[PDB]
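Written out below as structure tokens is the structure these notes cover.
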Ligand SMILES: [Mn+2]
Ligand SMILES: [Mn+2]
Ligand SMILES: [Mn+2]
Ligand SMILES: [Mn+2]
Ligand SMILES: [Mn+2]
Ligand SMILES: [Mn+2]
Ligand SMILES: [Mn+2]
Ligand SMILES: [Mn+2]
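Residue numbers (UniProt numbering), protein chains in the order written: chain A, 3 to 395; chain B, 3 to 395; chain C, 3 to 395; chain D, 3 to 395.
Next up, the structure:
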């Protein structure tokens, strides 16, 4: 272990501050003072803290109340040294957002949600956050006829392009990151996966400052490969932030500690974030943010334990993934399997489509039957990663 | 019923020609002669037939054999009147494609798969097909370390941009459509959903002639809303073709008759294809193609029955969805729920982001508590669609 | 279609009284007065009402308070004529229950939970209820090492046999119904499916008065077929009560209106409740109970609408399901497919194993390839079911 | 870690002999000679081999042929010393079996399938096998009206009790093990989970010699916890055999190498096979059998590698799992969390229901808010398990 601030472990206020109310029960923990949250996080080794507006400032707060709270909050940041790398807005708890924020059927709620966002953009800039996250949790429906699907996407576009144009207009040094979720709280949430998220950004006017904030558990709620999806975000140069946690299967969003869900996928998620790609290419250099929830069965000693464990898990995993790629038998296993070979272009420098068709040895005279003999040896290579992860090698 | 050629029911050769070998057993039906397939489809009311290259022409076929087969095939098209609207290539059965076609770790297989594609592009143009589909079924992995994820996407890009540039170079009146699948035959298939498919097309050089071919069962294998996904393809103006079928849940690709899977989703899938969007916008005007498989428990009388049923189901559904939107109580229910209200822009013509923030009634003086009272009445509206579908109204 | 008391439609107080509180937001509706719930449902068509101890009597209610509430509810019931066929205990909302009631790791908690069940049996008996339902929703774990799983079942058993022993001793005309759920609120719940519930019941000292309370959506959360699951419960004669609602996939417990999820599965569930088994066999006679939640987007008009919609859906399905088996064409299809042949014992009267292996026509000289030619025509029987469901027939 | 015959590792002939044929492609490897399978596994560390009647003896084999094959296999076995602990029947590949064997709608097919099972019992007994496994993979439907579900179970029962009756009559030292699977090849399979298998067994005339053969991947296909499922089988004393492999999610039956799926679930399965229950209870003693498939991308070096990898994974996990319970710190955590408190009966010796409801300290005066303060510290016990699994401890 021993996470140190250069590791860039940032934690949201709502993670450790999560009191335990689930769908079937009330909170099992007393509320957590934000100032207390800041001092405890800094003591554990974190680099920063993130928050939703209503996490710090009540929806009812008066102007006088908002400044009291921000003073104490800012003093704490000051006393401890934590940064505030990401800020986000609550567009899901208050009953007003029951049909969404940006894509609410009610036009007056669309405006109210957008004005909440713009003001929150001002606070984000004021705190020094470089990313503004957007989790559209109530954008969706339970029933397919509830919405005009085309208009729901035009209304989502309007909100995001209005917010973006405002960032550019003010010259805040902020980027927007969308956070996909397939379901919960809605039956079907719009932009349910990384692909949808990614595709949507490409139809925006201000797409240049809009990227994604994928969350392990969310892609895993659709049965998808999380590494595969973050790989694709990075390859598109849209992986602006990340939420790390654990999910055991397709069920409700569990938000477990990172590594307490699909352990082998967490191993390869850490290999991509730390090591990047076998043949070279992009790297993710932002914060390693944890969006989890301390199990409701545990008191406050598990709250700080769970926070410690996230960081532990990531450095345990980082350690084995460094050892793994550095190991000469793994590097040779990779060469046998064709990992480096995929890096070579298919076409020879200069060869046209007409050329290759017409190249007798690639088609006409190709021995297909002989190329099929090849042992890719992907099982042996999988076995080498598991043994490294198991601490055996 | 009574499907007529203007309905645009096109069927693949491999649907009705599917003999029954699954993972746990051999074929239960005798092979189906393609000429026989053409005459039977035309008799039933179809408009066209589609095929994979190896569906018609064996992988081993000599040049002399290829022309014999094409003569008889073309005479049949001629005798009956069917069009050939889409053509696709087999890059998954032969053992050579065990690690993929375009994204195979072996460079010699990448070339062989790409040269198979280019030649098949020539046949597609020769047959009069307007769409060339690409289902990347072996592109993926069972293990996360098997591939360099960034290089897998560069190699997928190369194949698609090489094929596209060839279409533009020859001036074929062809468009490429990608077909997403989350898994099977691979543990994880690249571009697993519509979003991923959509996002990927945006990184291509020749993205203008590349669109999607979503399949009901495939999105449903990730737990997604199929209408939601095709809505998004259409909104992006990338819904170039469609595969309709049935899937009961997250399991292996079942390929049931359209309507024998999630019936309520098929109702709204047909409402979007036929009716489009409540407030106006894009429409899909291509073929209604069926990518299904006759259950292996049934003989050839079920083969033609299953083919009849697909078309029946779609016209039964079309009928109720027309009645549904035309019904004045449904239109008023829609108005109560805010379906038309979502169509209005959030911002007043001319209002800037600064203006609305600063507009006291949208934020500062907004009564959130009062806007939350609103009864959206989405349950009543769902009940009106189910009763219309049930033939009750 | 109009519900009458003879339909045996029952509703829980928690269903129409569901305030809207979910994991990402607060109540969207005011609390429902029990008196008013009773009256309202009485005019809707309801047969009876069901409740949880704490739905009616607050956890901390004083004796005076308890008495008042009880006199008010009992008044209501007398006035409207509503029966109280099932009563259940809330062993999941209070923080004390965070690790379970019956299978909590803490022994004082387990005794409290059992005390709370015993007292509730008394109330259930004073109310005239025939069923006592146990939904062990906090019984399970998030983590695999948190429980001694053999010991979790012994503790489950101990509690259930203690509750059963007490019924028998007291002369109460009550049976216990266990209710499975695979996950949520815990990551994994003990006795997750109908299969697991039936199995556990056979290990009980008093399993004669312990049966199942299967819920539509719960079986669909592990992707199982509801209809197959209650068919095994019925066959074993352990289908004591039933919970009808809708679920649209493997995700959080949606609790939609019955028929508002998987429509074809709903139709076939109705077919099984109403027509029983094609070759005869046991038949379900209890209440048709709905455990659903009016979506939180709808106000109180929506609550009664949705309640109305449950009985409406069931009746519509029933009408279609009786039209389907009454249909001669459907009966022809049934004979062809071997539906009635299934009910014919495989052996002949007094034929042993030895006699069968020795019968030459049965094995040694059986023409397997010729038997494999049968066209089951299952596709066509399913098209006929769907056509009856759509009311196109 | 090196396997020895004392480890009881068993492998099926169909596993390492799996040729590569899947639903979208052909065999990628040549057929395996049985003789060679035997020899190879013998040098790997295997305890024994298992097979299906038709893995060894072709369906259409003449008597001369059958005898030859049997003499060759029996030779092999003698030469290498390999035991044959389980034998099973293939009632799924031939077209005759398309609607089931035991629960086919056609009555002559059901008699053939039962004849084929009886004859196979004989062979199983001549081979010295202790277990006779029934995997009813064609027993089920795609469509809900295709079967009389009460009648499907009676037919299942009839076949299983007939097979059991014959064992008893013959004096054979054999027990039957049923093997659940939720879907695939059929859309829905009868007796889909461990729960459903245990339930069915209690309705049998001869259930004393009928138990379960749970497969890791099969329970994970309905998203259930393997470890909880074999824990109920063990508790009921019905865990007769086990099939270990890996599955990475709710999708087609992957049949990966044991530990190559859900790693933490594998570790806890190993912990349960090796350490049994924390408070004591029954213990599994049979073979540790692997029913997996060498990925089709790998050639024959890959087949033996993957076989090797199964025993390798199990041993590595075992080493870690014995280190974990041996650890004092882990034992401390266990006591704190209430793992040993769970094993303590809830009632006191000879305390009745009445005595409990009447005990004031247990209910009336229990301090529920004070009991709710306990910090179970389940997160920390799970971090300790993971840290032992990673070998960082
Ligand atoms: Mn989450
Ligand atoms: Mn998140
Ligand atoms: Mn498909
Ligand atoms: Mn398709
Ligand atoms: Mn429920
Ligand atoms: Mn229920
Ligand atoms: Mn399997
Ligand atoms: Mn198996």
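Where a beta carbon is used, it is the ideal one built from N, C-alpha and C, also for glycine.
So what does DSSP say about residue 158(C), is it helix, strand or coil?
helix
Cβ-heavy atom distance, residue 247(B) to ligand 3, below 7 Å:
Between ligand 3 and the CB of residue 247(B), the shortest heavy atom gap is smaller than 7 Å.
Taking the alpha-carbon positions, what's the residue 257(B) to residue 231(B) distance?
Cα to Cα, the separation comes out at about 18 Å.
Ordered along the chain, which non-local residues of its own chain (more than five positions away) have a Cβ less than 6 Å from that of residue 142(A)?
188, 190, 191 and 192
With DSSP as the reference, please indicate the residues paired to residue 17(B) in a beta bridge.
Paired residues: none, contrary to the question.
Name the residue from 212(D), 18(D), 380(D) and 337(D) whose alpha carbon lies nearest to the alpha carbon of residue 135(D).
212(D)
Starting from residue 382(D), find everything on chain A with Cβ-Cβ shorter than 7 Å and list it in chain order.
304 and 307
Compute the Euclidean distance between the alpha carbons of residue 181(D) and residue 38(A), then round it to the nearest angstrom.
54 Å
Taking only the alpha-carbon atoms, compute the straight-line gap between residue 9(A) and residue 317(A) and give it to the nearest angstrom.
9 Å
Starting from residue 396(C), find everything on chain D with Cβ-Cβ shorter than 8 Å and list it in chain order.
Outside the modelled stretch of chain C, which goes from 3 to 395, sits residue 396(C), for which no answer is possible.
Among all the DSSP beta bridges, which residues are the ones paired with residue 143(D)?
190(D)
Residue 4(A), buried or exposed, once every other Cβ within 10 Å from all chains shown has been counted against 16:
exposed
Mind reading off the beta-carbon distance from residue 131(C) to residue 158(C)? Whole number of angstroms is fine, and I expect it under 8 Å.
Going by Cβ atoms, the distance from residue 131(C) to residue 158(C) rounds to 22 Å, so no, they are not a contact pair.
Quick check: the Cα distance between residue 44(B) and residue 15(B), rounded to an integer number of angstroms?
13 Å
Check whether the Cβ of residue 217(B) sits closer than 7 Å to any heavy atom of ligand 4, and report yes or no.
Yes.
Could you tell me which of 361(D), 280(D), 83(D) and 299(D) sits nearest to residue 154(C), measuring between CA atoms?
280(D)
Taking Cβ to Cβ, would you say residue 195(C) is nearer than 8 Å to residue 226(C)?
yes
Using the rule of at least 16 other Cβ atoms within 10 Å of the residue's Cβ for burial, across every protein chain shown, is residue 296(B) buried or exposed?
buried
Would you mind telling me which residues of chain C sit closer than 7 Å to residue 375(B), beta carbon to beta carbon, in chain order?
301
Look at the alpha carbon of residue 363(D) and the alpha carbon of residue 161(C), and state the distance between them as a whole number of angstroms.
Inter-residue distance for residue 363(D) and residue 161(C) is about 18 Å (C-alpha atoms, whole angstroms).
Would residue 301(C) be called buried (16 or more neighbouring beta carbons within 10 Å of its own) or exposed?
buried
Residues of chain B with CB under 9 Å from residue 52(D), in chain order?
Ordered by position in chain B, no residue passes the 9 Å Cβ test against residue 52(D), which lies about 17 Å from the chain.
For chain C, find out if any of its Cβ atoms is closer than 8 Å to the Cβ of residue 33(A); answer yes or no.
no
Tell me whether residue 164(A) is buried or exposed, calling it buried when 16 or more other Cβ atoms sit within 10 Å of its Cβ.
Under this definition residue 164(A) is a buried residue.
Per-residue burial, residue 92(A) [other beta carbons within 10 Å of its own, 16 or more giving buried]:
buried
Looking at C-alpha atoms only, which residue of 378(D), 285(D) and 361(D) is the closest neighbour of residue 338(D)?
378(D)
Could you tell me which chain B residues have their CB closer than 8 Å to the CB of residue 139(D), listed as they occur along the chain?
26
Can you tell me whether residue 24(C) is helix, strand or coil according to DSSP?
strand
Let me check you understand the geometry: is the CB of residue 264(B) closer than 7 Å to at least one non-hydrogen atom of ligand 3?
no
Bridge partners for residue 100(C) per DSSP, in chain order?
In the DSSP output, where bridge partners are listed per residue, residue 100(C) has 102(C).
Just to confirm before moving on: does the CB-CB distance between residue 228(C) and residue 247(C) stay below 8 Å?
no
As assigned by DSSP and simplified to three states, the class of residue 255(C)
coil
Based on DSSP bridge pairs, tell me the residues matched to residue 123(A).
For residue 123(A), which the question treats as bridged, DSSP gives no partner whatsoever.
From 209(A), 156(A) and 186(A), residue whose alpha carbon lies closest to that of residue 177(A)
When C-alpha distances from residue 177(A) are compared across 209(A), 156(A) and 186(A), the shortest belongs to 209(A).
Does the distance from the CB of residue 268(D) to the CB of residue 319(D) come in under 8 Å?
yes
Closest Cα partner of residue 148(C) within the set 270(D), 324(D), 62(D) and 288(D):
Of 270(D), 324(D), 62(D) and 288(D), the residue nearest in Cα terms is 270(D).
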